[PDB]
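Asker: model the structure of this input:
(chains A and B, ligands or ions: 3)
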Amino acid sequence: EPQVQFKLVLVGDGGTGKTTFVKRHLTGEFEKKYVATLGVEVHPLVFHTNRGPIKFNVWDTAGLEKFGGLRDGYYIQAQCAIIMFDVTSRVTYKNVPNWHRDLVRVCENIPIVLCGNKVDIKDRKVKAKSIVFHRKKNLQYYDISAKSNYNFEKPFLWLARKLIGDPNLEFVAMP
Amino acid sequence: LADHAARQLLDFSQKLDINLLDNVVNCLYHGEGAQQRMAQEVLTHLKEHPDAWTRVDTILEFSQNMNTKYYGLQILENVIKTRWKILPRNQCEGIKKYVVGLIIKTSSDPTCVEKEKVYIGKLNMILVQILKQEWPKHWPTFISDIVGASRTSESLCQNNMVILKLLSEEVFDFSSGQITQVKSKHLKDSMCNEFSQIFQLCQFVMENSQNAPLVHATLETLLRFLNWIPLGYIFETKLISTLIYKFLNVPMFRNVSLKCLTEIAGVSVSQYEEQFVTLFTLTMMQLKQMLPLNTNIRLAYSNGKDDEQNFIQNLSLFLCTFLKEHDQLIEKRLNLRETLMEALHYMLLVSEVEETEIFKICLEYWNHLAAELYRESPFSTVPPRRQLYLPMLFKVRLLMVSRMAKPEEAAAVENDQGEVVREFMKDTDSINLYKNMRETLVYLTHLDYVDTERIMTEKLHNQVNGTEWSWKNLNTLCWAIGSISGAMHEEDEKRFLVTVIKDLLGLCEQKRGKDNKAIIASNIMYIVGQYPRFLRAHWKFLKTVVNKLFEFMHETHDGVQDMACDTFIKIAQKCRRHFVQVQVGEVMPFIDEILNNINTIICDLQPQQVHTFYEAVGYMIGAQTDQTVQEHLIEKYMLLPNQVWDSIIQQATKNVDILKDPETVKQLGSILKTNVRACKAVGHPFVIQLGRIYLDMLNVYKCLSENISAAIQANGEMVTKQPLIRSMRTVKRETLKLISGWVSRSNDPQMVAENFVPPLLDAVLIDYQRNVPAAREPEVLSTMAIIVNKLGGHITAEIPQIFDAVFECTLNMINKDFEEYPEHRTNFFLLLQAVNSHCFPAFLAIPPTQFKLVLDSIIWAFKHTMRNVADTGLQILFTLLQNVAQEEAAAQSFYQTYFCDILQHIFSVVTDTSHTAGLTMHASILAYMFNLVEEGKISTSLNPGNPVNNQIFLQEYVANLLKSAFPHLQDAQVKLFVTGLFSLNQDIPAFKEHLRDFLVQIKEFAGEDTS
Ligand SMILES: *[C@H](CC(=O)O)[C@H](C)[C@@H](O)/C=C/C(=C\[C@H](C)C/C=C/C(C)=C/[C@@H](C)C(=O)[C@@H](C)[C@H](O)[C@@H](C)C/C(C)=C/C(=O)O)CC
Ligand SMILES: Nc1nc2c(ncn2[C@@H]2O[C@H](COP(=O)(O)OP(=O)(O)OP(=O)(O)O)[C@@H](O)[C@H]2O)c(=O)[nH]1
Ligand SMILES: [Mg+2]
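Answerer: Residues are numbered from 1 along each chain as shown, chains lettered A, B, ... in the order given. Ligands and ions are numbered 1, 2, ... in the order given. See the structure here:
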């Protein structure tokens, strides 16, 4: 059916795994090393749902202040967004409000998922009981792990539902 | 679309080709791929250039597309953020008037609500930046100017409401880290000082205006204001009444309004009691109008549109907030019983919404209520508050039992090799959700064991008749049944379990077929495992259960075997005693029967399940206290794996090439995994098994290592993905795992050091040095780390030779960038931290050039952007400074040689925007170091300048270092920061805020005084 693409903007603190996440979704590869994204790289991801395929042009942005680039600007003309932090670094969570502020000041009304990455690491520092920012901002939250595939596709699934309008969409991974 | 065209954009000798700038920006947003990277580079490059804003006006005047205007606004924001205090005053006035004039012109056009809202928001943000930069001093009438100009036009007023909201956000919500501390206090005092005028405007718009967008913007602003404003504006005005009556019930305003109410409900203050009651009363009187209590809120949310869903979530938030903070106020007012119940009823309805986030919001309050009632009195079927809540506690118990989340979470995860292992995720949101439902249900079960038992009996009756029969529903019921374990007295618990097990047995017998019997059989297994007290109390019951699990370990049906093994390990851990001691009616302890039948029990299990089995048995063996009986148990325990192990060792002695046979290496890896699990369970006494295979094991490690290394040299990196090399690396990793795992649990450092360590030196360490870079196993370093951490002194003497093998050759793998070979970087600095932390005399016992190399590696560590690497590097440096301070003899020489060097490196990191995550450590170090110079340092850092004390030399040296590092700083700025380094060296968070202030200062130019 229609190739229905949307702009996703992916943000978060440095070395949070945004790029590792997109790598594994694009090629199944898990990158072990931190190679800081300069400015932003836009990779397209295509999933296939029971109701036709869906395309996410993912704008993986740079969390490092040094290499932010046109930080504010990349958010323009964006349909949806993901904000990521690291459950092993309290700092990465304390900065979630800042990413969210800078994000909703540009695109005032888009679906945003909040992800806590690296939930596979046994010495978790951002306690699960403590993630409550998304409540009053009406954001949806998940506990992805880019290495374990824990809730691997749930952010894209939720966004695809919130964008297509079918609360029962399903990924089928067809050829 | 060419690099030259892009380069033209930045000549500064000719007018800007706004045509070309639009094309490059359109390439930035719609440019496909390979020039997109180019266009972004050029736009960033121009934006960061010193000339900057000279063209901003040109861009805004002539450009046709929004994106280019937004880009110009970015350049303007940059200038205002950084170089505003150095623009000539008239330039600032011109920019001020240009900005407010553009804001005026944009709002007046109708299209502003239409088209590029983004652009208007960016402009308002520009103005807020100007305000942040100079609002009180250089614009003393601003609040008055715009408050007055808001009563002139309404569109102007709406946009100014947005501006005031952004100012509140920038002053009160995001001031720390963007604004220096004193200036933050100043902006907060200035806004708090002129606020009544703003609040007048807001009351006026709320009470009088009929412009719906303006009203909405005013309410949105009132939200952020509720964050910080004095309580007098909230609880001593028309505000609560105005919100509830004029805005809460009308559709387009119900969300914002309720949010405000929720914020007001969050305030915990004793003086506004009545007001809070009012806030509840009135709010309830409105909800019953918009959401009648008969409503299926589950369906209303499931079908409803976005703002309906948001209103339901905001309602859950409001009721949870207010009830948690002020349930007491409504409890002690009889005339409000009915209303309180109604609110609780609401929560119950909202709890049926199938949305885990809203449900967590509700479960927060349910846990609060159950915990309060339990803390009041913990006894069953009377205290007053529980008498108030009694008419609906059973509804809450039914909710918990009916929607219980799954207790544990398993998943198939593939390792660095191909192996997919079954990993239980340990600490997740869903598991925390289960634990909260469990806590609530256990509280309420203590409040009435009969009611919980009754609800469960009814659910299970409905299972038996087939009315509510589903794999899902039986699973949920059994999860609840397990979740209340320990809540009842052992006698009540026994009577209850007897019935549960009997009825589940009957249900099994009733359903036929493997799929139904499999589901019922696990649920039974789960329930039995969750009640270890019952199992310890009845011996035959337990023996028969264990006999069945062994039976189920032959069921080919998927998941029966896995659940059998999981339940076996749970029961073994929780009842290990009962397997080693002789039981009533038994001739020998059960462990001997199990050990005599291992080969009968595990013949049909898959390898991972066999590993689980051996761990479960190892717990039992560890329970046996007599050392000799335990040795014999261990010997029979490891009989079967040792047979295959000895067969393979003998074949290898006859011919080494069987160590290139795939199935042989698979078997070796499986045997080693079995040994690893057995070692985890048994603990130290496992040494008897370890020493039995140790040398042999090391041998095969060496051989396989060499194989992999050669396999690299023949075919490069690719070869590391083939199945055979993969299983060989598995053997190596399990060998290291077994070694370090036994060493971790060994209570004799003497024997470990003299017996088990020396073979590692040639078998693994020099082998690691001899390997090709890509073949080196990082897990070597980490394992050595563990050994060091456990051995302590018993291994100091061996630090040199170890470092001979691993140190030099590892550095050269990880000192040509910050990124390649990450596992090696992490494990390397882990090993180095272990040595510094537990074997510091070894650092004192090496040549000074080599100690320089070690210190350089530490510095190299904390320069990483890999957070864990830099973090352990800072920890190493801190404990190293203290270790040096421990001995007076070398301490002064170390200071004379390295103090200033360390200081300048750490300053290079502290002023780096990429290392802020380490601030707490940075401070702790610098503080310490600077405190050291106040006193406790005797010799002089500079031989030429001995007159100057270290404080004088340190002060001027660090000030010179910063002045040359950041040339745009003022002398006064640097002197103040350098003296603050000494003044705050015993208040670590104040020191930290001093560093953060300086880190803000180094980002913006300043002219003459702070002004
Ligand atoms: C399928 C049944 C079918 O297809 O017909 C199911 C899934 C079964 O295969 C699974 C059964 C499992 C466990 C059983 C509960 C194990 C049996 C225990 C047993 C027979 C205990 C004896 C010794 C008793 O005393 C019984 C009669 C008694 O009711 C026990 C349960 C309580 C006691 C000891 C009472 C007391 O007061 O002491 C799968 C794990
Ligand atoms: N344990 C664990 N580590 C992870 C996970 N995801 C990523 N990492 C690690 O964390 C780092 C992530 O690096 P990137 O994915 O490049 O990070 P990034 O967010 O793109 O970085 P920037 O683009 O600079 O903001 C790497 O070192 C990964 O190995 C995960 O799920 N679990
Ligand atoms: Mg990246």
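
Asker: interface residues of chain A facing ligand 3?
Answerer: Taking CB under 5 Å from the ion as the contact definition, chain A meets ligand 3 at A:19, A:37. Where C-beta positions appear, they are placed from N, C-alpha and C, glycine not excepted.

Asker: which parts of chain A are strands?
Answerer: For chain A, applying DSSP state E gives strands covering A:4-12, A:40-49, A:52-61, A:80-86, A:112-117, A:140-142.

Asker: adding distance to residue B:616 and mean neighbour count, write those strands out as TSV.
Answerer: Listed next are those as TSV, based on distance: least, CB to CB, whole Å; neighbours: other CB atoms under 10 Å in any protein chain shown:
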stretch	distance to residue B:616	mean neighbour count
strand A:4-12	41	22
strand A:40-49	41	17
strand A:52-61	45	20
strand A:80-86	35	26
strand A:112-117	33	25
strand A:140-142	34	20
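
Asker: pull up the residues of chain A that are close to ligand 2.
Answerer: Residues of chain A lying near ligand 2 by CB under 6 Å from any ligand atom: A:14-20, A:32-37, A:62-64, A:117-118, A:120-121, A:145-147.

Asker: let's see it at 5 Å
Answerer: A:14-20, A:32, A:34, A:36-37, A:63, A:118, A:120-121, A:145-147 (CB under 5 Å from any ligand atom).

Asker: in stretch B:248-264, which residues are buried?
Answerer: For stretch B:248-264, burial by neighbour count (16 or more other CB atoms under 10 Å in any protein chain shown) applies to B:248, B:253-264.

Asker: may I have that stretch exported as CSV, CA atoms only?
Answerer: Extracted in CSV, the C-alpha atoms of stretch B:248-264 (Å, rounded to 0.1, in the frame of the first residue of the first chain):
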residue,chain,number,x,y,z
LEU,B,248,-12.6,23.0,34.5
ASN,B,249,-15.9,22.0,32.9
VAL,B,250,-15.6,23.6,29.4
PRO,B,251,-14.0,21.1,27.0
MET,B,252,-11.1,22.9,25.4
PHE,B,253,-9.9,24.1,28.9
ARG,B,254,-10.5,21.0,31.1
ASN,B,255,-7.0,19.7,30.7
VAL,B,256,-4.8,22.7,31.6
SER,B,257,-7.3,23.7,34.3
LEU,B,258,-7.1,20.2,35.9
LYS,B,259,-3.3,20.2,35.6
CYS,B,260,-3.2,23.5,37.5
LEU,B,261,-5.5,22.0,40.2
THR,B,262,-3.2,19.0,40.5
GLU,B,263,-0.2,21.4,41.0
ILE,B,264,-2.2,23.2,43.7
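
Asker: one step back: just the buried subset of the residues of chain A next to ligand 2, please.
Answerer: A:14-20, A:34, A:36-37, A:63, A:118, A:120-121, A:145-147.

Asker: stretch B:916-936 close to ligand 2?
Answerer: No: Stretch B:916-936 does not reach ligand 2 (CB under 5 Å from any ligand atom); its nearest approach is 12.5 Å.

Asker: looking at the strands of chain A, which is closest to residue B:904?
Answerer: strand A:80-86 (29.9 Å; CB to CB).

Asker: what is the orientation angle of the closest one with strand A:4-12?
Answerer: 30 degrees (axes from the mean of the first three to the mean of the last three CA atoms, to 10 degrees).

Asker: list of residues touching strand A:80-86?
Answerer: A:6-13, A:15-18, A:21, A:56, A:75, A:92-93, A:95-96, A:99-100, A:103, A:107, A:110-118, A:126, A:139, A:155, A:159, A:162-163 (CB atoms under 8 Å, 6 or more residues apart in numbering or on different chains).

Asker: the residue of chain A found nearest ligand 1: what's it in contact with?
Answerer: Nearest residue of chain A to ligand 1, counting by CB to the nearest ligand atom: residue A:150, 29.6 Å away. Counting by CB under 8 Å, 6+ apart, residue A:150 touches A:119, A:120, A:143, A:144, B:411, B:425, B:428.

Asker: ok, now residue B:293?
Answerer: B:342, B:345, B:346, B:349.

Asker: now, which of the contacts of residue A:150 sits nearest residue B:303?
Answerer: Of all those, residue A:143 has the smallest distance to residue B:303: 28.1 Å, by CB to CB.

Asker: report how many residues lie close to the closest one.
Answerer: 24 (other CB atoms under 10 Å in any protein chain shown).

Asker: all the helices of the stretch 151-300 of chain B, residue numbers only.
Answerer: Assigned by DSSP state H, counting those that start in this stretch, the helices in the stretch 151-300 of chain B fall at B:154-168, B:181-193, B:195-208, B:212-228, B:232-235, B:239-242, B:254-266, B:273-290, B:297-303.
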